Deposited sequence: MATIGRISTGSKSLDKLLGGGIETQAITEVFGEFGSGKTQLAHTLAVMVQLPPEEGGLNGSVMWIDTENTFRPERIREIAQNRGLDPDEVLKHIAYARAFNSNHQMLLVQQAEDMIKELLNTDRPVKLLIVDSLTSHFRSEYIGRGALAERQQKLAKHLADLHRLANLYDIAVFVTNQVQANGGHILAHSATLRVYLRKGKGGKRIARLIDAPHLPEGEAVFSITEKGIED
């Protein structure tokens, strides 16, 4: 199927990304605390539910949360400020807490069931979020005696995510802290604005986009 794109809410950021985040791809967003990466995740979980003319893909969402950063009230706020029904928007985000790295990998394997169920419906899964990709791996695999297994497991986890993205035409969006993925780095700009820098994209030029965080989530 043709690659679909989900608007981030920011015209500047969308332009940097070639139109928005892509289905059949893993977009990996890095940032320190308060960078805006989780705000971006929340915004995407709303935007994807819009029709294409409004920057979405008429899709449902699946969200894997590793350190309790999902905020249903923030979803409701973004939904309402963008004219959507906050209750309907929340209903179409399937939520799962991942308690550890094994569980996180299991949840990705098990997500395929719901993806299959929704595939030929009015609201197929179009966005799968993992926030954060690495918190559990960093917590569990300490030192150099553990690095090899950590990388192996992470590599397998990324492969599972790539497969879901490609097979079912889903945009996978993961957060991280410092191919295979499209890497975007967030930092604080001036006056409370945030800056995104695209790095090492095979077919998009590097560049930067400045954006804001509002009651609409993110926008220019």
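> Could you list the ranges of the deposited sequence that have no C-alpha atoms in the model?
Sequence ranges with no C-alpha atoms are 1, 180 to 189.
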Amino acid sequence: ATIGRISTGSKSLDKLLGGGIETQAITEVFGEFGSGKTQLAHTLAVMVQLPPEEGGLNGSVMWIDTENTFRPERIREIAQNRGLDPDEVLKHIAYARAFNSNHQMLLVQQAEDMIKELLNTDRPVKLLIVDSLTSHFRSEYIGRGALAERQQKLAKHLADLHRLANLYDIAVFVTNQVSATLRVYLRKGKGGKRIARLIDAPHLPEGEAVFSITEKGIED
From here on, numbers count along this sequence of modelled residues.
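> Is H203 left out in a third or more of the other entries?
Yes, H203 lacks coordinates in at least a third of the other entries compared.
> Look over 207 to 215 and 20 to 28 in the entry and identify the one with the greater average Cα temperature factor.
Taking the mean C-alpha B-factor of 207 to 215 and of 20 to 28, the larger value falls to 207 to 215.
> Decide which of the stretches 103 to 111 and 125 to 133 has the higher mean C-alpha B-factor, going by the entry.
It is 103 to 111.
> Looking at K153, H162, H42, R183, which has the biggest Cα B factor in the entry?
When the deposited C-alpha B-factors of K153, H162, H42, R183 are compared, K153 is largest.
> Just the C-alpha B-factor column, please: which of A148, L118, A96, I75 has the biggest number?
Spelled out: the listed residue with the top C-alpha B-factor is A148.
> How does the C-alpha B factor of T175 compare with the rest of the chain: lowest, middle or highest third?
Lowest third, going by the recorded CA B-factors of the chain.
> Please say which third, lowest, middle or highest, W63 falls into when its CA temperature factor is compared across its chain.
CA B-factor rank for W63: lowest third.
> Split into thirds by Cα B-factor across the chain's modelled residues, where does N166 land: lowest, middle or highest?
For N166, whose C-alpha B-factor we compare with every modelled residue in the chain, the answer is the middle third.
> Please place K37 in the lowest, middle or highest third of its chain according to the CA B-factor in the PDB entry.
Lowest third, going by the recorded CA B-factors of the chain.
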